[PDB]
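Consider the single chain below, provided in structure tokens and representing the form solved without ligand ATP.
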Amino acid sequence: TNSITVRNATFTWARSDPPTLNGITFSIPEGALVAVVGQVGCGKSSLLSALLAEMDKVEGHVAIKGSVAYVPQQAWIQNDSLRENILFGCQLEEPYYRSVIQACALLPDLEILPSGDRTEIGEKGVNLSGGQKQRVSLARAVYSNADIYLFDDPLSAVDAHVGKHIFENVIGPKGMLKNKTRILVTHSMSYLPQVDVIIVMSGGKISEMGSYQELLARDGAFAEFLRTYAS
């Protein structure tokens, strides 16, 4: 079965404006790990917004099976304790909470905060770095335990060694989220060999879709992208 099904779908940010995503068609099997790559401006971030129903659908079919969590690049933080930023309404449950803390590599952060996870962060609180903010934001999503995770370059501000650990512990084939549907928008080539399927976008359309090895041998859009544009 498919957790996400999109058919001939077109989206715009405003009815007055030309559509940003044109004739999108793809299906994502439940449990798949998917990367969506392409040049800046290719529509890959908007694709997540479209699935969250944050654009205007002009035509097409979108079917989403399950709850959805979103982890945006621009991690945001509410003016509250670090703990409350993760718990986000939900009740504290152990050992799930500390499992999430550890996997999102927050332990070294907690160890230098004035009150561990009780520390007030945000305006009014302690100044967290962008990387610290992304770890907290990812922890919040992981703790919600959704069926579908939409990631938009969620570790772009995180140290590369730590990001590796986070990908392995949370996002990848052996992470806490290994049974979830995961859609990873990224401009990095680093973890592409590990995903199940890659969707290559250009001009708000899908150029090609396949595994890393398939697309790499095809020597078309993905190959170009890896060669010339990928970080």
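When you see a residue number, it is the position in the sequence shown, counting from 1.
Below, we turn to the form solved in complex with ligand ATP, even though it does not appear here.
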Next on the checklist: Can you tell me whether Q39 touches ligand ATP? I mean in the bound PDB entry, with a 4.5 angstroms heavy atom cut-off.
Outcome noted: yes
Next on the checklist: Just checking whether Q74 would be counted as a contact of ligand ATP in the bound PDB entry - the rule being heavy atoms within 4.5 angstroms.
Outcome noted: no
Next on the checklist: When the contact criterion is heavy atoms within 4.5 Å, does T20 count as touching ligand ATP in the bound PDB entry?
Outcome noted: yes
Item to check | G172, heavy atom within 4.5 angstroms of ligand ATP in the bound PDB entry | outcome: no
Item to check | Region of this chain that lies against ligand ATP in the bound PDB entry, out of 25-33, 60-68, 39-47, 164-172 [heavy atom, 4.5 Å] | outcome: 39-47
